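K.L.:
Chains as they are written, first to last, in the authors' numbering: chain A, 218 to 272; chain B, 21 to 126; chain C, 693 to 790; chain D, 22 to 45, 48 to 107, 109 to 140; chain E, 21 to 138; chain F, 25 to 395; chain G, 446 to 544; chain H, 35 to 445.
Okay, handing you the structure first.
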Ligand SMILES: *[C@@H]1O[C@H](CO)[C@@H](O[C@@H]2O[C@H](CO)[C@@H](O[C@H]3O[C@H](CO)[C@@H](O)[C@H](O)[C@@H]3O)[C@H](O)[C@H]2NC(C)=O)[C@H](O)[C@H]1NC(C)=O
Ligand SMILES: *[C@@H]1O[C@H](CO)[C@@H](O)[C@H](O)[C@H]1NC(C)=O
Ligand SMILES: *[C@@H]1O[C@H](CO)[C@@H](O)[C@H](O)[C@H]1NC(C)=O
Ligand SMILES: *[C@@H]1O[C@H](CO)[C@@H](O)[C@H](O)[C@H]1NC(C)=O
Ligand SMILES: *[C@@H]1O[C@H](CO)[C@@H](O)[C@H](O)[C@H]1NC(C)=O
Ligand SMILES: *[C@@H]1O[C@H](CO)[C@@H](O)[C@H](O)[C@H]1NC(C)=O
Ligand SMILES: *[C@@H]1O[C@H](CO)[C@@H](O)[C@H](O)[C@H]1NC(C)=O
Ligand SMILES: *[C@@H]1O[C@H](CO)[C@@H](O)[C@H](O)[C@H]1NC(C)=O
Ligand SMILES: *[C@@H]1O[C@H](CO)[C@@H](O)[C@H](O)[C@H]1NC(C)=O
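Structure below.
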């Protein structure tokens with residue numbers, strides 16, 4: 218179903234733990250390209266300092 | 021087609037003697053040899069294959085040697101139940117036959 | 693005409709009677725054998741103005757430009773284009789047209 | 022499988038009688056039968072294959088023989104013509121291992137004679 | 021450095037197949053160049069008796085095509101010229117040499133073997 | 025443990041130093057547990073007895089590696105090919121150290137056969153790289169009609185495609201062609217002035233004579249060739265200034281024997297110390313199934329980066345080749361061969377020796393002539 | 446009939462343009478006509494599935510000539526495999542009928 | 035002369051124990067012997083010495099090498115036999131054929147199996163009649179894939195059909211960390227129409243990877259060669275239903291038919307020999323001699339083998355030893371995961387029993403029918419039905435591929 222997405226802009230609502238995994242998955246499927254923009258609420262960011270390396 | 025001439029004309033031997041008949045063809049045969057014996061009015065019996073291979077039921081009384089186009093087939097220690105006449109067969113073509121010879125006991 | 697899909701029937705008419713050279717078709721329409729001919733404006737306006745037996749009709753479509761084609765790796769492309777533009781500008785093309 | 026000959030006779034000197042040899048597979052098996060001289064020579068007569076082709080004779084009986092076969096009835100058909109100088113004894117032979125080639129048989133007929 | 025050495029039967033008998041022996045030593049020169057064989061008469065004239073590559077390309081004067089052969093075995097680093105048509109007057113001195121590629125030079129000669137026939 | 029290694033060699037001196045190299049590998053690298061022994065089989069004339077002996081004595085002895093050199097006569101190149109066929113019958117990984125014919129390059133057939141030296145086709149990789157030094161965008165390609173020719177042509181065209189510098193035209197000719205002046209005529213009419221040639225000895229001689237026949241050997245027509253044509257007797261007819269190649273220390277066979285022994289011993293130990301490896305195939309007779317561990321040991325050999333090579337850094341490529349070879353370009357100078365440029369595997373850097381170009385040219389000329 | 450390559454005398458708009466260009470840009474030339482009187486299009490040859498160019502564009506892509514100077518119409522299919530200089534005359538397609 | 039047949043190891047026992055005495059080869063010029071010899075072991079030297087005895091004694095030029103089940107290399111062994119015989123050896127199964135490929139230059143060996151190019155064209159036709167303009171090429175490192183890719187690309191760009199390739203995939207499968215990168219590109223394959231080239235051992239794990247990702251679901255279509263099928267008798271239960279594959283006429287064209295056709299072809303070549311030049315080729319004296327005087331004969335023999343106009347069917351073989359007129363079977367997986375015939379490729383024509391593409395996809399629980407069945411009725415100008423152009427396999431883009439459904443009136 219992530220592959221079935223033809224969009225370029227993705228709104229996402231999830232917690233950090235699975236957020237990192239799904240962002241790595243989007244890297245696998247090329248959804249983390251230059252042309253694409255992800256938009257998430259506050260809780261996805263978590264603490265401003267504890268930044269995951271998969272963002 | 022190719023034709024043979026077998027020879028000569030006779031199998032004169034006593035009880036347990038020694039005779040030999042030659043397969044002689046007009047062309048090279050590559051050791052294509054067969055041998056048959058039959059009583060007058062009874063029916064042929066097979067003797068010899070490529071390498072003088074005798075058949076089961078026929079003892080080692082019959083031997084032979086030869087090559088190319090000339091072969092010799094020797095009979096010895098003959099028992100007077102095989103009063104017959106011996107013949108050679110080649111199949112370079114479809115089939116070919118020669119003259120042959122008959123056996124008498126003296 | 694073959695590339696125009698909805699006009700495919702169009703080609704289906706000419707594919708039975710199409711010619712091979714311009715002059716023979718011009719003579720055929722001069723002999724009334726062919727009702728009409730389809731071809732470039734540059735040739736046909738002059739062909740009509742030369743004899744006064746044939747006439748152009750309709751409104752020009754598929755505006756294109758005649759061009760000197762060359763193999764893609766030819767190094768003469770840039771200078772050929774520059775010289776052709778210069779000839780357009782100075783009016784030499786005007787003289788040749790006249 | 023066994024072979025039994027039938028149709029032996031030369032009632033008309035120089036005529037044509039069609040000899041035959043029934044069999045009891049022989050479907051893929053060729054034919055070649057034998058005449059015997061008063062000298063008892065096992066002379067060949069005609070040549071057929073399992074498929075009926077290759078109709079040939081030795082030089083002795085060429086030019087007078089009509090040849091055919093029928094593997095359904097497991098029989099042959101040849102009218103002897105140039106055997107008018110013989111008290112001939114003919115027998116049928118089925119070459120072994122069948123095939124289109126010809127090999128060393130032990131499956132022969134029974135023996136029926138043709139006399140003039 | 022590298023060198024060539026020669027040998028032969030020396031004594032001659034009628035209806036023979038002479039074998040003239042040359043070996044290469046100093047280094048494994050057995051799959052390069054083109055090994056050459058010539059004759060030399062007491063009149064000081066020479067002509068090539070053969071040239072053989074490391075593949076089996078032998079060539080020489082077409083006067084004695086059947087008579088002259090080359091038998092090279094690389095296990096011993098050995099090669100024989102097999103000479104025939106040797107009459108009593110064919111006494112001479114034969115040499116084995118090398119053909120460096122590019123025809124650069126006929127430098128490394130053999131010291132020569134004096135083949136005497138009488 | 026006892027593991028046997030074959031070697032089909034009729035060179036007795038190399039037989040002794042092969043056994044000695046096996047012993048050196050065992051003492052140096054460490055053969056504490058697995059005892060590697062070596063056996064030798066003589067080169068016969070005919071190859072039917074290669075097959076007979078190889079499964080009568082070598083496969084019967086369940087040997088892993090058979091060390092075979094190039095055939096003594098470089099006309100029947102077939103003789104090692106039955107060896108590779110027997111290797112592939114039960115999937116026996118076999119190393120041939122001197123072969124460079126492309127017949128074994130196709131791994132679809134000789135997947136079990138590995139060469140320690142590059143094939144002739146790899147020489148093409150130099151030329152493109154060589155071309156990269158001199159920016160010769162115009163080149164004429166000449167090639168024979170054989171598996172070596174097909175492989176070389178495909179490799180060179182695939183390598184030239186990516187940089188947008190395209191080969192102008194390639195001409196393929198049947199080996200043994202009685203005359204080639206016509207083909208080189210349509211090559212001459214081409215605008216390009218750089219010529220690439222790859223053929224056998226007789227073909228090279230014929231094409232060189234054809235080039236000399238109609239003035240193509242003069243200035244401008246730059247010639248660049250490989251190693252086959254810088255042997256034999258083509259330079260008896262070839263002109264001067266011909267730019268051939270020279271692969272690094274591949275003619276030597278003792279050093280390659282020692283290197284192959286070291287690689288094989290290291291890989292065999294490193295692999296047999298790991299897995300539940302099946303025993304080697306039991307022989308020509310009585311064996312119903314093939315030895316299926318062969319691909320796994322092939323993967324080991326591909327991953328066997330034997331960096332401790334006797335001749336230097338010895339690594340195997342993705343196909344069974346040593347890359348980063350110190351290729352030296354051979355500039356012919358008045359019928360003599362000069363080392364004018366080294367190649368360490370990264371760039372073809374010319375040394376201080378002067379390079380003489382074909383046709384008497386003394387400097388680097390332009391590679392084309394506008395029409 | 447035997448398609449003889451006979452010499453003839455050519456002159457016209459394209460000829461004048463070609464002479465002008467040749468004098469301008471320091472090069473020499475020679476002119477020959479097309480083999481079969483055809484503008485060059487996409488057609489099937491030898492019944493093989495491949496379709497290619499015959500006559501004019503086939504002649505030019507084969508390398509037998511280096512340029513085409515003629516009333517050639519620029520379009521996408523030709524522009525993919527040849528290169529067109531900037532146009533020397535804009536024109537369109539019309540219809541010719543009897544007066 | 036004679037024709038010799040060998041039964042090596044796991045050769046079909048019944049197909050000789052009842053099919054030895056079913057030979058008929060008359061009404062031609064030559065009369066060869068059928069020589070059945072059976073070696074129940076995979077010993078190379080046994081069959082090698084057998085063929086050596088054949089050459090030394092039995093003056094046999096035609097050899098039907100009818101064995102099976104492994105190692106194309108053994109045909110390579112045969113090729114060396116050919117290299118020392120110049121005789122036409124034929125591949126009938128396994129290591130002799132349906133595995134043999136990319137023969138050698140001096141090869142005197144022959145086969146009735148299709149070339150990679152031929153079955154590639156067959157599957158390209160398969161997707162052509164199913165108007166699948168989009169396709170993604172995926173293949174492993176197994177040699178014989180570069181030429182396959184070149185062939186399919188050359189057919190693509192040399193085609194007026196609007197073919198579209200997504201991406202060619204080159205896979206180094208046996209690499210440990212390569213798989214780690216592999217999922218990066220395998221996941222990036224969106225096209226439902228994918229063509230595959232690998233081996234059966236490769237096929238198992240690549241299908242496992244695809245299933246773990248989801249490339250075996252609805253919509254996705256798999257095109258694979260006969261190599262991944264291996265021996266279709268041992269059906270891989272893991273492989274998905276709806277997978278469509280190519281193979282030879284295995285269950286129809288039986289082994290006795292294969293060997294009899296091979297003997298007939300060899301006899302036809304011999305008949306052409308004896309009709310054009312009229313001399314029987316002479317066997318070599320010993321198994322350790324070399325001769326070249328057969329040159330103007332050897333390929334000339336191949337000449338009369340390259341033109342085999344027998345049985346009425348001009349099945350004359352291609353220059354590589356394959357047949358220019360191949361017949362191929364196209365099979366999909368049944369509900370019980372068995373392979374059954376759907377497609378036939380005979381004399382350059384492709385037919386299919388189930389013309390409508392059956393939804394044999396993984397049987398997902400009933401969904402919203404996104405692929406509806408629609409009935410039409412011709413009425414101008416609302417509906418017009420006309421003939422498909424046989425060149426492009428379709429009509430103008432304003433048309434739709436409507437299959438007029440005859441209901442057979444008496445059949
Ligand atoms: C297109 O026309 C241009 C007209 O200016 C031309 O530019 C000039 O061309 C001349 C000669 O064609 C160059 O002169 C050069 O010629 C020698 C050749 O031996 C060079 O080694 C020298 O450097 C010398 O400068 C001019 O340099 C050049 N001017 C510029 C600014 O490039 C183009 O060359 C023409 N190009 C083609 C493809 O026709
Ligand atoms: C020596 O090699 C042979 C192979 O012919 C092998 O059987 C034997 O075990 C080896 N011996 C040792 C001590 O490795
Ligand atoms: C080679 O020369 C011969 C004799 O002149 C003639 O066939 C032709 O000119 C040339 N042929 C080729 C193929 O080069
Ligand atoms: C080569 O060039 C010289 C120099 O003009 C000329 O005399 C000779 O005829 C030329 N030869 C050929 C074969 O073109
Ligand atoms: C060839 O190999 C030997 C092996 O020890 C090594 O010294 C060097 O690489 C070469 N030596 C000579 C003399 O060519
Ligand atoms: C594979 O190796 C392991 C560890 O050595 C062993 O336990 C296992 O039995 C082996 N596999 C087989 C099939 O024996
Ligand atoms: C070839 O190059 C490698 C790496 O650059 C080096 O280790 C090796 O010594 C070189 N060969 C020679 C003969 O020096
Ligand atoms: C035109 O340029 C060419 C360059 O090849 C030169 O040879 C010729 O002399 C020039 N003509 C002039 C400058 O008139
Ligand atoms: C070769 O095959 C073609 C195919 O039709 C046929 O027309 C021709 O007669 C054949 N020639 C020979 C010599 O078999």
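Every residue, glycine too, gets a C-beta built ideally from N, C-alpha and C.
1. For the stretch 66–98 of chain H, list every residue whose C-beta sits within 8 Å of some C-beta in chain D, in sequence order.
2. Report the residue ranges of all alpha helix (DSSP H) runs contained in full by the stretch 460–541 of chain G; include only those spanning at least 4 residues, in chain order.
3. What span of residues does the beta strand (DSSP E) with residue 120(B) cover, start to end?
4. Is the separation between the beta-carbon of residue 112(F) and that of residue 92(F) shorter than 7 Å?
5. State the Cα-Cα distance for the pair residue 497(G) and residue 771(C), rounded to the nearest angstrom.
6. Reducing DSSP to helix, strand and coil, say where residue 762(C) ends up.
7. Using a C-beta to C-beta distance shorter than 8 Å, which residues of chain D count as neighbours of residue 57(B)?
8. Taking a cut of 7 Å between CB atoms, which residues from the stretch 25–41 of chain F lie near chain E?
9. Taking 6 Å as the cut-off, is the CB of residue 159(F) close to at least one heavy atom of ligand 1?
10. I want to know whether the stretch 61–72 of chain F touches the stretch 315–323 of chain F - three or more CB-CB distances under 8 Å.
11. Determine which residues share a DSSP beta bridge with residue 22(E) and list them.
12. Start and end of the alpha helix (DSSP H) containing residue 87(H)?
13. Output, in chain order, the set of chain G residues within a Cβ distance shorter than 9 Å of residue 762(C).
14. In chain order, what residues of the same chain have a beta carbon less than 6 Å from the beta carbon of residue 315(H), not counting five sequence neighbours either side?
15. Just the chain E side, please: which residues come within less than 7 Å of residue 99(F) by C-beta, in chain order?
16. Quick check on the DSSP output: what are the complete beta strand (DSSP E) runs of length 3 or more inside the stretch 42–120 of chain B, in order along the chain?
17. With DSSP as the reference, label residue 130(F) as helix, strand or coil.
18. With a CB to CB cut of under 8 Å and the five nearest residues on each side skipped, what residues in its chain are close to residue 262(H)?
19. Spell out whether any CB of chain F is found under 7 Å from the CB atom of residue 122(E).
20. From 59(B), 79(B), 50(B), pick the residue whose C-alpha is nearest to that of residue 71(B); which is it?
21. Taking any Cβ of chain C, which residues in the stretch 476–497 of chain G have a Cβ under 7 Å from it, in chain order?
22. Nearest to residue 213(H) by alpha carbon, out of 244(H), 228(H), 199(H), 194(H)?
23. Using a Cβ-Cβ cut-off of 7 Å, state whether residue 267(A) counts as contacting chain H.
24. Nearest CA to the CA of residue 61(H): which residue from 159(H), 289(H), 301(H), 45(H)?
25. In the stretch 387–401 of chain H, which residues sit with their C-beta less than 8 Å from some C-beta in chain A, listed in chain order?
26. Looking at residue 99(H) and residue 133(H), is the spacing between their C-beta atoms short of 7 Å?
27. Any idea which residues DSSP pairs residue 375(H) with across the strands?
P.N.:
Taking the definition as stated:
1. Hits within the stretch, in order: 66, 67, 68.
2. 501–506, 521–526
3. Indexing the second chain from 1 puts residue 120(B) at position 100. Taken as a continuous stretch (DSSP letters only), residue 120(B) belongs to no beta strand (DSSP E), as it is neither H nor E.
4. Position 88 of the sixth chain, counted from the start, is the residue given in the question as residue 112(F). Position 68 of the sixth chain, counted from the start, is the residue given in the question as residue 92(F). Their beta carbons are not under 7 Å apart, which means residue 112(F) does not touch residue 92(F) by this criterion.
5. Taking the first residue of the seventh chain as 1, we reach residue 497(G) at position 52. Taking the first residue of the third chain as 1, we reach residue 771(C) at position 79. Rounded to the nearest angstrom, the two C-alpha atoms are 30 Å apart.
6. Counting from one through the third chain, the residue named residue 762(C) turns up at place 70. Here residue 762(C) sits in strand by DSSP.
7. Translated into positions along the second chain, residue 57(B) becomes position 37. Near residue 57(B) there are no residues of chain D at all, since even the closest Cβ is about 11 Å away, more than 8 Å.
8. Of all residues in the stretch 25–41 of chain F, only 34, 35, 36 place a beta-carbon less than 7 Å from a beta-carbon of chain E.
9. On the sixth chain, position 135 is the one that residue 159(F) refers to. Checking every heavy atom of ligand 1 against the Cβ of residue 159(F), none is found closer than 6 Å.
10. no
11. In the fifth chain, the residue the question calls residue 22(E) occupies position 2. In DSSP, residue 22(E) forms no bridge with anything.
12. One-based indexing of the eighth chain puts residue 87(H) at position 53. Its alpha helix (DSSP H) spans residues 78–87.
13. The residue you call residue 762(C) lines up with position 70 of the third chain. In chain order, 505, 511, 512, 513, 527, 528, 529, 530 make up the part of chain G whose C-beta sits under 9 Å from the C-beta of residue 762(C).
14. As a working note, residue 315(H) is residue 281 in the eighth chain. Here the set comprises 95.
15. Position 75 of the sixth chain, counted from the first residue, corresponds to residue 99(F). What residue 99(F) touches in chain E: 75, 76.
16. If we require 3 residues or more, the beta strand (DSSP E) runs fully inside the stretch 42–120 of chain B come out as 55–57, 82–87, 90–96, 106–108.
17. Taking the first residue of the sixth chain as 1, we reach residue 130(F) at position 106. Coil, per DSSP.
18. Here residue 262(H) refers to the residue found at position 228 when the eighth chain is read from its first residue. Excluding residues within five positions, the ones whose Cβ falls inside 8 Å are 230, 232, 233, 234, 236, 237, 279.
19. By 1-based counting over the fifth chain, the position of residue 122(E) is 102. For residue 122(E), the closest Cβ of chain F is nearer than 7 Å.
20. Counted from its first residue, the second chain places residue 71(B) at position 51. Per the Cα distances, 50(B).
21. The residues in question are 482.
22. As a working note, residue 213(H) is residue 179 in the eighth chain. Out of 244(H), 228(H), 199(H), 194(H), 244(H) has the C-alpha closest to the C-alpha of residue 213(H).
23. Walking along the first chain from the start, residue 267(A) turns up at place 50. No - not a single Cβ of chain H is within 7 Å of the one on residue 267(A).
24. Here residue 61(H) refers to the residue found at position 27 when the eighth chain is read from its first residue. Of 159(H), 289(H), 301(H), 45(H), the residue nearest in Cα terms is 301(H).
25. Shown here is that no member of the stretch 387–401 of chain H has a Cβ falling below 8 Å from a Cβ of chain A.
26. To locate residue 133(H), count along the eighth chain from 1; it is residue 99. To locate residue 99(H), count along the eighth chain from 1; it is residue 65. Not in contact: residue 133(H) and residue 99(H) (Cβ atoms no closer than 7 Å).
27. Counting from one through the eighth chain, the residue named residue 375(H) turns up at place 341. DSSP lists 365(H) as partners of residue 375(H).
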